[PDB]
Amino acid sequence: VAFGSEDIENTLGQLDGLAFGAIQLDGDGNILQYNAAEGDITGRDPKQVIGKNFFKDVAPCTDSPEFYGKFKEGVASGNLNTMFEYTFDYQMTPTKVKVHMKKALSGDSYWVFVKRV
């Protein structure tokens, strides 16, 4: 599975097999899944972040119109398929990434994919 691929939500244990970070959020922004690659990139513990809020608890630098604001618009409208660059920084070393956020096929969850730039 390639980062950014048009069919990524269709294709999506095995989550840890992805070569890039993958976080599954619900519409409230709480973490349902968080793979090994995302812990590799950020130093956050995949076990500790499940059930926490991505935008308000785990990665508060993302609580901005440029990231959380896009997520909330996407959840409200059902239209979410966006790539952009961002810097993660909270309680970690500042790390520049490329982010792809996309609504899941079910419409009940939302994916955040991450790779280092």
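Residues carry their position along the shown sequence, with the first being 1.
Q: I want to verify a possible break: how many residues of the deposited sequence sit between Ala104 and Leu105 without any coordinates (none, 1 to 3, 4 to 9, 10 or more)?
A: Gap between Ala104 and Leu105: none.
Q: If you average the CA temperature factors as listed in the entry, which stretch comes out higher, 87-95 or 22-30?
A: Per the PDB entry, the higher value belongs to 87-95.
Q: In terms of the chain's CA B-factor thirds, is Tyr110 lowest, middle or highest?
A: According to the entry, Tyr110 has a C-alpha B-factor in the chain's middle third.
Q: Please place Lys70 in the lowest, middle or highest third of its chain according to the CA B-factor in the PDB entry.
A: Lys70: CA B-factor falls in the middle third of its chain.
Q: If you rank every modelled residue in this chain by C-alpha B factor, which third holds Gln48: lowest, middle or highest?
A: For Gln48, whose C-alpha B-factor we compare with every modelled residue in the chain, the answer is the highest third.
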